[PDB]
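Notes follow once the structure below has been shown.
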Amino acid sequence: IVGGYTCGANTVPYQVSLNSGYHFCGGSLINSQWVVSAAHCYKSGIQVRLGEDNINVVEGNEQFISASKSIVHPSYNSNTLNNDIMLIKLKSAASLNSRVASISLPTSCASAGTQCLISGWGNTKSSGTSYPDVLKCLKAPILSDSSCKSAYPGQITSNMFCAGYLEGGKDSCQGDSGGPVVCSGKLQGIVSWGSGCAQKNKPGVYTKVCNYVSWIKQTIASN
Ligand SMILES: [Ca+2]
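If you count by the deposited numbering, then the sequence shown holds residues 16 to 34, 37 to 67, 69 to 125, 127 to 130, 132 to 184, 184A, 185 to 188, 188A, 189 to 204, 209 to 217, 219 to 221, 221A, 222 to 245, one letter each, in order.
Dropping the structure here:
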């Protein structure tokens, strides 16, 4: 997250870190045994880390649970990033408490202008690299479709939305992918892609979760 703030320990209780020897992507806990992340984060050897603040220090609220199954969206296209969503099942149920909690799936899609909270452990610099130990946060509005398409000609599908600031300076970044965009207490987005980070006229692009609620629910119901 570039241009954000330190969230505060365990203030984003649905945020998970996906670990394969190190943090490589975010995710969101959606029930005691399932995480939703970005398909482009798929790999083998995933340990889900819940209850994290500093990802390099055991601070006492963590739960580390291996994945038993990962399910990339049936229509994910890695070249366009269309349908950039996956589900990860935990080998055992997380213990839910105030610091480790699921996030609601949306009942309806969100509108341009709505404020969201975007969070992650990704790079905090738009030129160069500095990766934080503690969770970072950014409040950002959803941008209109039309301005998203104008920023990224030929690249925005109906499964994507932009959020952030056309002036630049505030955005998600590498290492934030897969993490949450929460608006009005609902998971409306997944950190997906952008051109650089925090550049003028290049806001972040997010997977539009409301389009996937049916698939998420029926996948969970049979897996
Ligand atoms: Ca920790």
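Built from N, CA and C at the ideal position, the CB exists for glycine as well.
Neighbour-count burial assignment, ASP194, 16 or more Cβ in a 10 Å radius: If you number the sequence shown from 1, residue 194 lands on position 176. Answer is buried; the Cβ neighbour count reaches 16.
Sufficient close CB pairs (3 or more, under 8 Å) joining the stretch 109-120 to the stretch 143-163: no
Supposed close pair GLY133, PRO161 - CB separation, criterion 8 Å: Reading the sequence shown from its first residue, position 113 is the one you call residue 133. Reading the sequence shown from its first residue, position 141 is the one you call residue 161. Confirmed, Cβ separation roughly 6 Å.
Paired residues, beta bridge with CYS136 - DSSP: Numbered from its first residue, the sequence shown carries residue 136 at position 116. For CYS136, which the question treats as bridged, DSSP gives the partners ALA160.
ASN74 CB to nearest heavy atom of ligand 1 below 8 Å: Looking up residue 74 in the sequence shown gives position 56. Yes; taking the cut-off as 8 Å, the Cβ of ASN74 has a heavy atom of ligand 1 nearer than that.
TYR234 - DSSP class collapsed to helix/strand/coil: Looking up residue 234 in the sequence shown gives position 212. Here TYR234 sits in helix by DSSP.
Neighbour-count burial assignment, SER147, 16 or more Cβ in a 10 Å radius: For this step, residue 147 is matched to residue 127 along the sequence shown. Flag for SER147 reads exposed.
Burial state of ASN97, where buried means 16 or more other Cβ atoms lie within 10 Å: In the sequence shown, the residue the question calls residue 97 occupies position 79. Per the 10 Å Cβ criterion, exposed.
Chain-order list of residues whose beta-carbon lies under 7 Å from that of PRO28 (same chain, five-residue window excluded): Position 13 of the sequence shown, counted from the first residue, corresponds to residue 28. Once the five neighbours on either side are set aside, the close Cβ partners of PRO28 are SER116, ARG117, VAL118 and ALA119.
Residue from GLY211, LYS87, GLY196 and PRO225 whose Cα sits closest to the Cα of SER130: Your numbering for residue 130 matches position 111 in the sequence shown. Nearest C-alpha to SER130: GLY211.
Test item: CB-CB of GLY38 and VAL65 under 9 Å: The count along the sequence shown starts at 1 and reaches residue 38 at position 21. The count along the sequence shown starts at 1 and reaches residue 65 at position 48. Not in contact: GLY38 and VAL65 (Cβ atoms no closer than 9 Å).
Reduced DSSP category for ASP165 - H, G, I as helix; E, B as strand; rest coil: Taking the first residue of the sequence shown as 1, we reach residue 165 at position 145. Helix, per DSSP.
For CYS220, the three-state DSSP class (helix, strand or coil): On the sequence shown, position 197 is the one that residue 220 refers to. Here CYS220 sits in coil by DSSP.
Straight-line Cα distance separating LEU155 from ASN72: Taking the first residue of the sequence shown as 1, we reach residue 72 at position 54. Taking the first residue of the sequence shown as 1, we reach residue 155 at position 135. Rounded to whole angstroms, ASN72 to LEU155 spans 7 Å at the Cα level.
Distance between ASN34 and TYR59 (C-alpha atoms, nearest Å): Position 42 of the sequence shown, counting from 1, holds the residue named residue 59. Position 19 of the sequence shown, counting from 1, holds the residue named residue 34. In a straight line, the C-alpha of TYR59 is about 11 Å away from that of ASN34.
Closest Cα partner of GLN192 within the set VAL227, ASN223, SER167 and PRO173: Along the sequence shown, one-based indexing puts residue 192 at 174. The shortest C-alpha separation from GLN192 is found at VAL227.
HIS40 - containing beta strand (DSSP E), residue span: Along the sequence shown, read from residue 1 onward, the residue named residue 40 stands at position 23. From DSSP, the beta strand (DSSP E) with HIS40 extends over 40-48.
DSSP state of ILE242 mapped onto helix, strand, coil: Start at 1 with the first residue of the sequence shown, and residue 242 comes out as number 220. Helix at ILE242.
Straight-line gap, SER170 to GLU77 (C-alpha atoms, nearest Å): What you label residue 170 is simply residue 150 of the sequence shown in a count that begins at 1. What you label residue 77 is simply residue 59 of the sequence shown in a count that begins at 1. Between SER170 and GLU77, the C-alpha separation is close to 44 Å.
Residues near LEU67 by beta carbon distance below 6 Å, same chain, minus five either side: Translated into the one-based positions of the sequence shown, residue 67 becomes position 50. Closer than 6 Å at Cβ, skipping near neighbours: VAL31, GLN81, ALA112 and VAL118.
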